[PDB]
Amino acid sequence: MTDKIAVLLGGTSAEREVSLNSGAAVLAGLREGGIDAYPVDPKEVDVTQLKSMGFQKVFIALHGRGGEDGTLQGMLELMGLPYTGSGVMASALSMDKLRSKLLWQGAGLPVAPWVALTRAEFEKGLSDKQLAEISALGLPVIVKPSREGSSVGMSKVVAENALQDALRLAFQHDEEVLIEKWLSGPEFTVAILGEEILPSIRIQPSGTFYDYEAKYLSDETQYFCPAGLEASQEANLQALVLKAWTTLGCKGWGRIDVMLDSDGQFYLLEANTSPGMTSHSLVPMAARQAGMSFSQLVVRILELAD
C-alpha cells in the first residue's frame, strides 16, 4: 500500500463552511493526482486517532483557530505524522494579526497604523491615551478580531459614535481586536508555494471591502491576475511578501494580503498559513496563472510536507 492521506476539513471555526468547500476541492484534486486521500472532519472524528486510523500524511484544509493556529500542528508533530503548511510557531503567529503586525514592524516592514485592544480594556472603558491614539488614526477605520479569517467579525467605521458597535462585533469573535487606519487600496494578494512566489492578484470588491459576501458569494467581485502592475512594482510587491513570509518563519505554502495606501506604498495586512482552496479561491487563481491546474497545485503542496 502507498501512503494514505487525511484531508482535514470542516472543523469548528467560523470558517467551517469555507473549509468544507476547500477540503471538497482538495480531496478531488489529490485523487486526480493519484493520491490515496480521504476526507476527515475533526468536528466528527477525533483527530488524535489519525495514526491509529491508518493515515501516513495529513493535508490541512482547515481554516481558523483549531486548524491554522499551531494547536493541530503540535498534535501532529507529537503523533509523528507529516503535514502540509507551516509549523507550530509560524502558524500560531500568522493567526495572531496583532503579533504578526508587531513582528513585521520590528523587522522594519510596512504596516497600517493601528491600536490594539483587549476585552478588559474595552469593556472597562477606554483610557484617555487609547482614545487619543484612536483619534489620531482619523476616520474611516477598519476593526478586526485579531485571530479570525474570511473577514469574520470585521467592519468599517464611518462615524466616531459607531466605533463601539464595530468593537462589540469584533469582540464576539476574539478576546483581542485591532483598530486600523483605513487604506485606500487597491488591494492585492500574493501566494507562496515552496520557494516560488506566485503572480499577484488585484482584488476589486463591489462594496465597501473584501468581506465574506465578496469572498464567497458575490458574482460581482473582480480579479486581475496578472495584476496589471508595472514590472518593477510587481517585483517590489513580490519581494515585500517574500520578506514578510520569511520574517514570520512560514513554510510550505500560504498567502499574504497587501494594500496600497494613498501615499503609494504597500502595507501588509496579514498572512494566511492554511489559505482557502475552494475551486474559485485565490491560491488556485494565482497558481493557474503560473501554469498549474488545481490538482497540480495540491499535489505540489502535499509533496512539500515533511
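Residue numbers run from 1 along the displayed sequence.
Legend: mean Cα B-factor per stretch from the PDB entry, 238-246 versus 271-279; the higher mean is in 238-246. Of the two segments examined, 129-137 and 160-168, it is 129-137 that shows the higher average Cα temperature factor in the deposited entry. Comparing the listed residues 101, 124, 202, 144, the entry records the largest Cα B-factor for 124. Highest C-alpha temperature factor among 95, 88, 227, 117, as the PDB entry reports it: 227. Remark: residue 76 belongs to the middle third of its chain, ranked by C-alpha B-factor as recorded. Sort the chain's modelled residues by C-alpha temperature factor and residue 27 lands in the lowest third, per the entry. Sorting the modelled residues of the chain by their CA temperature factor places residue 54 in the highest third. Residue 148: CA B factor in the lowest third of modelled residues in this chain (values from the PDB entry). Among the modelled residues of its chain, residue 45 has a C-alpha B-factor that falls in the highest third according to the deposited record.
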